[PDB]
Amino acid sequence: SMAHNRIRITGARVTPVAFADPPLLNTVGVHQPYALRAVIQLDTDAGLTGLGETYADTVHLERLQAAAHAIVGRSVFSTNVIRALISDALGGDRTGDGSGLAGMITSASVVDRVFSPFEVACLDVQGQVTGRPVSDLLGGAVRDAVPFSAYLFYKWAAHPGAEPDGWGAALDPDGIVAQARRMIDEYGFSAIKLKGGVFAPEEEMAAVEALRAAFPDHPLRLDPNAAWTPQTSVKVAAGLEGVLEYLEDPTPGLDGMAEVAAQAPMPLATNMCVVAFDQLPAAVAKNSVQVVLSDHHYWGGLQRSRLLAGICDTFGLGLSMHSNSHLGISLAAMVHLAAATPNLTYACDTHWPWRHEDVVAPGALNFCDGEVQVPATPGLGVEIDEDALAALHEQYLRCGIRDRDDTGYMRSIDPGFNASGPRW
């Protein structure tokens, strides 16, 4: 079947999709009523198709098309070469670019964000053709299931002029505790994270303490997306001594983070000031953070995430995982990666509970007691449901949204709104 023992790329089909998202609040705005993703179907001359998933902003879709064209005629095992071809096609790397990430995270490598979904799709094909799960291409699983956290948000009851969702509003500690109960009853999550930077620090600390009261054994994390000054951060950290497993991005920039970490009794984590390999040396020299949140979508795929993990282990940094609104292809890739990473022991973030649509056939990624069992089948372990894919693509065409824009969407509701920060 494989002439010249060769299996190479013949093309890629990129399909933007949109799925319903509740009005989740963050420090820069509120989520739009649909979240956008792009599905990559990477086709080969063996007739095997690999899957990847990434952001769907306008400029990213154009880059994905240029990447797809550049890598036709390359072996799916030649991922080093494929990254270099993509770099050439994009005209090299670059920073200050926040696409797909709502301007929230603006320092990630453009080449890595574009390469990522193709690399994941390549590993999926490698696994299919060898009969091995993707975790076997990353040094093999070290655990049979991957634990995730409950990702809590302050939220309105409904998007303006729309039916309220089944969650209800969460705008204070009682509302946050109620949301946690509903989510944890359904999924079994053993660790809990709160998206903060929305209400005054003392009110978010109150929600944290209420969570601790309701869930005495659950590790807790708080993430205000850099909404605080370093002085305010140090007060929050002192006040939450012994309560948080870690505190993520309390304040903006490597210097401010280093200032806070010098006083904070819990470790600081980040997915804002360390989002690319070239930021690691400064973060290490300054002692800005103690925990790095991996994310294969912007670090450049699964093998490069494994590299990040080894760098963290070497330099004495803890390792967790960051997420954005995502579907089942991303989830499968996250699970294979975390399963194969010895030092990824923190529960991974996921936005899973907040969506109810998907592009893959069901059954391969069930949550049980807060964890997802790593698929043992060849490849990524999930397959496209073409009817579901077409439906979410049609939803994307109709919903009219073309870029993630939490701030712009908040402004369409509240014209004078600014994404100020820090706010406290």
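Each residue number is its position in the shown sequence, starting from 1.
Chemist: On average, are the C-alpha B-factors higher in 211-219 or in 89-97?
Modeler: According to the entry, 89-97 carries the higher average C-alpha B-factor.
Chemist: Quick check: 346-354 versus 165-173, which has the larger average CA B-factor in the record?
Modeler: In the deposited entry, the stretch with the higher C-alpha B-factor mean is 165-173.
Chemist: Can you tell me which of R83, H336, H296, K235 has the highest Cα temperature factor in the record?
Modeler: The listed residue with the largest C-alpha B-factor is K235.
Chemist: Among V76, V72, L194, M266, where is the Cα B factor highest in this entry?
Modeler: The listed residue with the largest C-alpha B-factor is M266.
Chemist: What third of its chain's C-alpha B-factors does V284 belong to: lowest, middle or highest?
Modeler: Ranked within chain, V284 CA B lands in the lowest tercile.
Chemist: Name the third of the chain's ranked CA B-factors that contains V372, choosing lowest, middle or highest.
Modeler: For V372, the deposited C-alpha B-factor lands in the lowest third.
Chemist: Could you look up the Cα B-factor of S116 in the entry and say which third of the chain it sits in: lowest, middle or highest?
Modeler: According to the entry, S116 has a C-alpha B-factor in the chain's lowest third.
Chemist: Comparing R182 with the other modelled residues of its chain, is its CA B-factor in the lowest, middle or highest third?
Modeler: Its C-alpha B-factor belongs to the highest third of this chain's values.
Chemist: Consider only the C-alpha atoms of the modelled residues in this chain, order them by B-factor as the entry records it, and name the third containing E248: lowest, middle or highest.
Modeler: According to the entry, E248 has a C-alpha B-factor in the chain's lowest third.
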